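Look below for two forms of one protein chain, each set out as C-alpha cells: first structure 1, then structure 2.
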Structure 1
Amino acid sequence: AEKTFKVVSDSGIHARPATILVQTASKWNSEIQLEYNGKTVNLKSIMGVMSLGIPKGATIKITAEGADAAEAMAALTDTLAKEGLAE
C-alpha cells in the first residue's frame, strides 16, 4: 500500500503528534515506512521519524507491506487528520 500526503501543520511533523503517528503505525503487523525528500525511515521508529525534520508544506509518502496494510494506511490517514498533520 502507498499514499502521498501534504503536511498542513504549522510546525511540520515533530514532537507529540509525531509520537502518536508512530504509535498508530506500531499497532499493525505490516512493515511501514515514511519517506520525505528522498529519505525513507521505519515509521515504527520515532528516532527515524524525528530525524527527517519534516516541515510545513512538505509532501510525504507512506508505504505499508503486509496482510493488514489497508487497515494500517486507513489508521495512519486518520491519525494524520486527527493530529492536524497532513491530508
Structure 2
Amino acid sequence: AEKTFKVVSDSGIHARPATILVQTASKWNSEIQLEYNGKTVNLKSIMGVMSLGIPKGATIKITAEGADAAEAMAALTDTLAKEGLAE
C-alpha cells in the first residue's frame, strides 16, 4: 500500500507533529516508510524523519550579526556554491 499526501499545515511538519506521526506508525507491525526529498526512511524512527533535510526549491534566509559578519556571510556563501547546494 502506497499513498501520496500534500502537506497543508502553515507550520509544515516539525518535531512535535512528526513525533505524533512517528508514534502512530509505531503502533503497527507492518513496515512503514516515508519517502521525501529523494530519501526513504522508517516512519517508526523519528531520527529517520528528522533527517530528510531541506528540499530543492527551498528559499532559506541566513543572517549574521557580529564582529566578523562580513567574513561569515562570504564563507557561508562560498560553501553553499562550492558544494553545489544553494545560490
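Residues that one form lacks are left out of the comparison. Reference numbering: structure 1, starting with residue 1. By rigid core we mean the largest C-alpha set that fits within 1.5 Å across both forms.
Superposition of the core reveals a Cα shift of less than 2 Å for residue 19 between the two structures. With the core held fixed, residue 60 shows a CA shift of 2 Å or greater between the two structures. C-alpha superpositions between the two structures give a turn of 177 degrees for the smaller rigid part relative to the larger.
Under a 2 Å criterion for C-alpha shift, the lone consecutive stretch of 3+ residues that differs between the two structures after core superposition lies at 53-87.
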